[PDB]
């Protein structure tokens, strides 16, 4: 099959909009597609930019021995329109069927005899996994969520309550209750550079403009590192989590797309 | 060498014919090849479609402790014509010479001394193997036969009498005497999507039409799972096979090829 | 981005100049680049040629049991101009961020139990490493320095004091106190064939000529091999180093580049 | 698979003319969305119209979180099998001629080693081992048995599901002490039943999140036939109910197959002369909705 | 990352016209050199000018050799973090639309093996192991938090530093007996403090030698805006002070973060109609120079 | 193998004109089918006609199932060697100039390891091992000794045959107790002789099923010669008789080589001016048919 | 190595005109043969003529078989080092501007593993290992020290020679009991000395057979210079004498370096306007011929 846009002339427009309050920039490229073989108007939106992690470290109220790290468990990327004459006709990335390589060995060794079994699974992982949380003909929302992190003795999950808990149980500095920056992944210590794409159609010679809203943002967890002490006097830090502590800290911008003149107006932003 | 059809213009026709009684669809594409370098008429037949496995499960007559699974041990794909002015001049796939990678090690370790030998063979297998059962200048018949299946402790052959025998010796449901669907290969639980190709010539400006018959179908085995019990009271299922229990359950369609007008008529079917 | 010179017509000139005193040849290719898209004059200099290692072996003054090997620890390649209307706008090679492949395994084996840890780093090395010692908009200097050498029991560093120390502690020949030629790398026993590239711009229709100086040469270390003897009468050689014993043994040539006529004049050389 | 198209075929001027269109249909209540892309092909070498139909979009798994207060016994629904089908109508002249994907005659690698050994100064040993290497998908796609000359259907079914290093399990796994342990958290937990399941994020995404289908059907239409016809597309999920139970000694798990289904069927009218597809009928149903 | 540009796009005659230029700025005292290459793109499909800016050249690490006579306690500075940023001004119509590199959602390979064994004629064993494979960079590049629609900035920070087979260490590594051992020569040396650091040549080149940056910023400018604008480029290094100390029993190491910084900021005037860039302002500073 | 044709050769307009044809010949009684494809090449750079002949089709192995009632002694025929040859006649001007495949100067990989070891706090050990890696074909193709300037012939012979993990065996394998065990089911079976052979489906397909040959001969013909000539194609199989025997203590196997042969020789008349091939003569024979 | 030539360079019409020629010179008595191929290039972008010279052909190793009757002491010559050089004359305007191959800054792979282990129910272990992987050539090529702006010379020298699993050895290997054992058959043989060397066929081919050189020199000539000039090509071998000796207890080996040399120098007259090369002078010598 040939996708809408293959073989087409493009008219390119860009808009770049930033929010100081949310710490987000949306760098959106709109390619109006003049696909002579398609009977609708078509636009491809490339959604890029930068969402600061806003990771922060602070002392728990009225104690010296519980400190906090507030960090982005998930990043949010969404596209929506209410225009009934518009459909979402493609988007990337999509969810895929989970796959692994298996190797299974059975064997024996008859000298004193013996049977052996061995089975290995092997697969790739990433710090953050992107999943489609919801999608219909007018919108698609992705969640980019903490998944798997290399640490000194193996890997830890994005749900482990001790993730990021550090090494210095008597420090007064809240930063020191958590692992240092070179042990943090870039999506926690600096932020995320989304790259998402959607293709939308519009019923021809109806209207002037359609409104699209693009939302980028974060859901923050809080990890509490609490000093605990063995009976025999040894002190270390233990993690607990408020999962989904600050949800939908999101920057939404509205764009008005003029299908005939290939213009964009950036209207509102929250 | 350049094959007949390389460099040629094609005239494409398709026919799709299904049988409810046999559970088969034949989706045949005919490409008449206008090869200006060849001194005969030429047609390439791509033989695709779908043959339902028709796997079924039932209780053996007058007992509660033998149950049956009837399943396609082999699928049948055949092409024939009786027209003396036609030859089969190519077909795919063909039988190949069986090959394996070998690694052989000999060694010693003189400390208490010792000689060691090791030899590894490695090769690929598939659930079903395709073999040419017979081929001459007017016909070719393939058999696509149960070969090798991954199970929990290794692989089992398409001839092993315990293949597919399951886990639940007191169930009343015949399905439960056999391994579940996610342990069955797709060619047993759903069916086969053949993809075979033949090239045929025809002596020019003789006739109008030639008749070809294309046969797709299955040979079914029956596995009987029988509850057996150890002296000390343990019950499990043991398999036995009727091999070739229901042979040539086949759907044959006749096609009349008009070489000059590039038409196909689908005449009879059984 | 498209580099200056991509898509351009070239005017090629070569100069080859050798020094018997320093044992150096500079084979320089000048490609004046007629890049119609660029608003400055542009020249690409490919700097090749040959710098003899000048490795030598001699007896230490007034003793029979210390002998010396003088050898190039580093080779020097430099390009400079003083012309304010010229900039260096590219050069190769550049320093890169150091990277390694890691594999880390943790495991256990509960029979008598046991925990195991294993960590492997893997990376490539070369006999001599090239580093940018200094670079600004008028000059770039590389040092090509002894780094890592295969020997019988592993590898040795370019800083190890026993590097190249040989096997024959009673020989009278100084050569015999050092490992033979087939255990020396080609950059110590024969010399170095530099291959460096720089791109320079020049502000258009200002001047006639700019002067560039290209310096090739060596910094020599001396290894002293000293016969030592165990209490129980065994003799072997031990290395010590004068590091940077003979520094900047360099051959500098001046070239006058005429930007309008695409000529080169080789003026001075030291 | 074989390929009919000959090496360096001679094509006539403008052999292929392609027209594109798209059409969608959503059921917001079921969270199912059909996003269809069409290529109509006019091909001078061929006496029929071709329509390539890509069926994409979304089918939610229908997963429901267990109630964490359930104490002795808990349960949840999860998406165990999906079905997509494209069909034309028996009175029209439109056939399904090709489609992807197709059933897999699966392949795997085998390696078999024999070793012998003799050491004295003594004794011997023989070795044998067999290794198999293969890819394992958590859900597997095959053809639906209603496939025929006018209908292509695919089933995407839970296949090999890992549970914290145990398994793989499937919809019928069975342990004579513990039952179906596919999503059982642990055998001895002192957690509430509602809290003793495999963590949500470890379940495969097809079982708890959104399936994003991508199927292709290829249809032909005779040139003499009426210019409009109808094509029906069905996207459906089927849900099993996974349960646990504390029997005083330990946890048991059970998986009940095909406890609910949710289905979205759309009919489009295809105009083969104007190359347009319009949705004309939609139907959504659920065998046992909550409430 | 995704790509907007469709398969076999139809381009108009002379879609792209490209103009090139370069401009440089040096601070000889800091050993920092900005070597900038520009491509101005006039693109008929687009209503703005594009400028692709490659930022290359040199930033010395600011490393200082320790004094070998230091006997009980020694120290040196080393380059722990670099920063490069490109920005336009809030009153002009020039935005930063794209850039490379971007933040890495890092990937790694996992392999998990279970083994069982039973041998008599006896006994059993279970095995488990988990292997992770990944690339490890001595310094890592990420976005600077001041990035927005008018500014792109990157931070290149000491990441995983090996010390004669020990480590990797970083700027905050910590051992409750030995401190931060990142560049400590050995725990028990009888060398002077000044001589008991990791050999210079084993340190990573970004920590002791020259960083050669290569960053790309892509800017857009509205066609109606004034024809000249200004672009500011900052290249900066930040230095930590690594120390050792002999405490009578053994050596301790310490790493003090952000003990100095050296920064070179240049402003260029960009003429978007003539496609020229000229340096108009340069600023160099160092928080705590030696002396 | 080397190649004469120089880098970016200058070709004249219409250097090559190619004509194709095919011709077949079957022996239904022997189950042998010759399916021949021809390319006649007129080449302005060359003063002869070229004919490329691909010889394909089918040669049954001649395998016969053993009778399962045979009790003490049984036997069957299996296909041990095939032969294909193409030749022209000594009075005509047609030569065989090239062909494929050719004899293989076989290649393999070698790896040799020495290990030493010393451990106390003691003792030492030396190791040596040698590994060879190679591909092993069940049947091997080489040239027939009658190959000359007017005839190319290939022999495809049983090579390395595995028997349930034992072997590889061939037509002359020999064990001083058990004989040739190539297709012996087991040494101690209490099955009838007729039932104590390697299962049919484990035998290689060339030994029990159909060989599908693919050979290429390239012939030249002088332009001055008569326009028609004859080309003879022979497809043949040779069969060994594998036997077992129960000697009271255990099973013996034997393989008797060249116990029968079946051959199909066809002569075609080739018209080199009209580019046609017609079958004019066919001959089938079998040295010892059953009955 | 770097490359000057820019991405998609704009070439003028007929930028390059190439002329080819060849010229040879043999010394049948030394078994040395120079087979030279020339490309003269006229290049409108360049103000000089270019000549690419490939130097190929044969240089025998000068190996001599040992006499098998030698009883206590034997010896033979073998080819230990070859030299090829191309030069122009100091009064002409022809320079050597480039050549291949060049000196190798050799590369190798390193892998270092640490392992720890703790097992009770006990004890620990630390592991360390280091593996190096590299290619090993039996003879190595480097530049000759007389290389300058008018002369390129290469030396091909015995490098790493294996002796039945022992070694690698080279021309100076040394064992304080056995001497240089590079081609010693065995330490304790009771064979005659003449028969106690490594079998001929196991020696590397450069040491006992024919070297087939392939070197490239690239020369430039100013357009204003005289139209003819001379180019001198030297092919030379140098031979060591390998010896063994029975000392009553065991065998000793010795290798004497540079015991003979054989050299073939040819001068060609190159006409740069007509693009012809003619041999005008040949010289052959051998420092110590047999007799």
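Protein chains in written order, with PDB author numbering: chain A, 4 to 114, 126 to 284; chain B, 4 to 114, 126 to 284; chain C, 4 to 114, 126 to 284; chain D, 1 to 121, 132 to 301; chain E, 1 to 121, 132 to 301; chain F, 1 to 121, 132 to 301; chain G, 1 to 121, 132 to 301.
The beta carbon of each residue, even a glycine, is placed where N, CA and C say it ideally should be.
When the Cα of residue 252 of chain C is compared with those of C/210, C/68, C/260 and C/136, which residue comes out closest? Locating residue 252 of chain C in the third chain gives position 238, counting from the first residue. When each option's Cα is compared against that of residue 252 of chain C, the closest is C/68.
Leaving out five residues on either side along the sequence, give the residues of the same chain with a beta carbon under 7 Å from the beta carbon of residue 43 of chain F. The count along the sixth chain starts at 1 and reaches residue 43 of chain F at position 43. The answer, listed in chain order, is 15, 16 and 50.
For a contact defined as C-beta to C-beta under 9 Å, what are the partners of residue 167 of chain A on chain C? Numbered from its first residue, the first chain carries residue 167 of chain A at position 153. Near residue 167 of chain A (Cβ distances below 9 Å), the residues of chain C are 107, 109 and 131.
Is it buried or exposed, residue 160 of chain A, if we count other Cβ atoms within 10 angstroms and call 16 or more buried? Taking the first chain and counting its residues from 1, one reaches residue 160 of chain A at position 146. Buried, because 16 or more other Cβ atoms sit within 10 Å of the Cβ of residue 160 of chain A.
Cut-off 6 Å between Cβ atoms - residues of its own chain near residue 34 of chain A, not counting five sequence neighbours on either side: Here residue 34 of chain A refers to the residue found at position 31 of the first chain. Here residue 34 of chain A has 13, 15 and 47 as same chain residues with Cβ atoms under 6 Å from its own Cβ, once five neighbours each way along the sequence are excluded.
Quick one, which of A/141, A/131, A/36 and A/30 has its alpha-carbon nearest residue 214 of chain A's? The residue given as residue 214 of chain A occupies position 200 in the first chain. Among A/141, A/131, A/36 and A/30, the Cα nearest to that of residue 214 of chain A belongs to A/36.
Under a CB-based cut-off of 7 Å, is residue 208 of chain E close to chain C? To locate residue 208 of chain E, count along the fifth chain from 1; it is residue 198. Not flagged as an interface residue toward chain C: residue 208 of chain E, since no C-beta distance is shorter than 7 Å.
Chain C partners of residue 147 of chain E, CB-CB under 7 Å? Numbered from 1 along the fifth chain, position 137 holds the residue referred to as residue 147 of chain E. What residue 147 of chain E touches in chain C, judged by beta-carbon distance under 7 Å, is 100 and 102, going in chain order.
Cβ separation of residue 170 of chain D and residue 196 of chain B, assumed to be a contact under 8 Å, to the nearest whole Å: Residue 170 of chain D sits at position 160 when you count from the first residue of the fourth chain. Residue 196 of chain B sits at position 182 when you count from the first residue of the second chain. Yes, residue 170 of chain D and residue 196 of chain B are in contact; Cβ-Cβ is about 7 Å, under 8 Å.
With respect to the alpha helix (DSSP H) encompassing residue 217 of chain D, which residues constitute its N-terminal and C-terminal limits? On the fourth chain, residue 217 of chain D is found 207 positions in, with the first residue counted as 1. DSSP places residue 217 of chain D in the uninterrupted alpha helix (DSSP H) bounded by 215-218.
Taking Cβ positions only, does residue 248 of chain D come closer than 7 Å to chain A? Residue 248 of chain D sits at position 238 when you count from the first residue of the fourth chain. No, residue 248 of chain D lies away from the interface with chain A (no Cβ there is under 7 Å from its Cβ).
Using beta carbons (cut-off 7 Å, strictly below), is residue 181 of chain B in contact with chain D? In the second chain, counting from the first residue as 1, residue 181 of chain B sits at position 167. For residue 181 of chain B, the answer is yes, since a Cβ of chain D falls inside 7 Å of its Cβ.
For residue 238 of chain F, name the three-state secondary structure that DSSP assigns. Numbered from 1 along the sixth chain, position 228 holds the residue referred to as residue 238 of chain F. Here residue 238 of chain F carries a strand assignment [DSSP, helix/strand/coil].
Euclidean distance between Cα positions of residue 71 of chain A and residue 113 of chain C: Numbered from 1 along the first chain, position 68 holds the residue referred to as residue 71 of chain A. Numbered from 1 along the third chain, position 110 holds the residue referred to as residue 113 of chain C. About 38 Å.
Hey, could you find the ends of the beta strand (DSSP E) residue 178 of chain F is sitting in? Position 168 of the sixth chain, counting from 1, holds the residue named residue 178 of chain F. That run of the beta strand (DSSP E) goes 176-179.
Measuring only the C-alpha atoms, how far is residue 118 of chain F from residue 187 of chain E? Within the sixth chain, the letter at position 118 stands for residue 118 of chain F. Within the fifth chain, the letter at position 177 stands for residue 187 of chain E. Roughly 35 Å separates the two Cα atoms.
So, at 6 Å on beta carbons, what are the nonlocal neighbours of residue 134 of chain C in its own chain, with the 5 sequence-adjacent residues on each side left out? Numbered from its first residue, the third chain carries residue 134 of chain C at position 120. Excluding residues up to 5 positions away in sequence, 106 lie with their Cβ nearer than 6 Å to the Cβ of residue 134 of chain C in the same chain.
Between which two residues does the beta strand (DSSP E) carrying residue 46 of chain B extend? For the purposes of this step, residue 46 of chain B is identified with residue 43 of the second chain, where counting begins at 1. Here the beta strand (DSSP E) through residue 46 of chain B covers 44-55.
Identify every residue that forms a DSSP beta bridge with residue 228 of chain G. By one-based count along the seventh chain, residue 228 of chain G stands at place 218. For residue 228 of chain G, which the question treats as bridged, DSSP gives the partners G/52 and G/98.
Residue 78 of chain G - partner residues in DSSP beta bridges: In the seventh chain, residue 78 of chain G corresponds to position 78, counting from 1. BP columns for residue 78 of chain G point to G/250.
What does DSSP give as the partner residues of residue 146 of chain D in its beta bridges? Reading the fourth chain from its first residue, position 136 is the one you call residue 146 of chain D. A/103.
On the three-state DSSP scale, how would you describe residue 126 of chain A? Against the first chain, residue 126 of chain A aligns to sequence position 112. If DSSP states are grouped into helix, strand and coil, residue 126 of chain A belongs with coil.
The beta strand (DSSP E) spanning residue 201 of chain B covers which residue range? Sequence index remark: in the second chain, residue 201 of chain B carries index 187 (1-based). Residue 201 of chain B: not part of any beta strand (DSSP E); member of the alpha helix (DSSP H) spanning 200-203, first to last residue.
Where residue 34 of chain B meets chain I, residues with beta-carbon distance less than 7 Å: Here chain I cannot be found, since the structure's protein chains are A, B, C, D, E, F and G.
Hey, residue 27 of chain D and residue 274 of chain D are a contact pair by Cβ (cut 8 Å); roughly how many whole angstroms apart? The residue you call residue 27 of chain D lines up with position 27 of the fourth chain. The residue you call residue 274 of chain D lines up with position 264 of the fourth chain. Between residue 27 of chain D and residue 274 of chain D a beta carbon distance of about 4 Å is seen, short of the 8 Å cut, so the two are scored as contacting.
Against chain E: residues of the stretch 127-160 of chain A by CB proximity under 7 Å: Listed by position along the chain: 127, 128, 129, 130, 131, 132, 133, 134, 135, 136, 137, 138, 139, 140, 141 and 142.
Cβ contact check for the stretch 155-166 of chain E and the stretch 142-162 of chain C: 3 or more pairs under 8 Å: Result no; under three Cβ-Cβ pairs closer than 8 Å.
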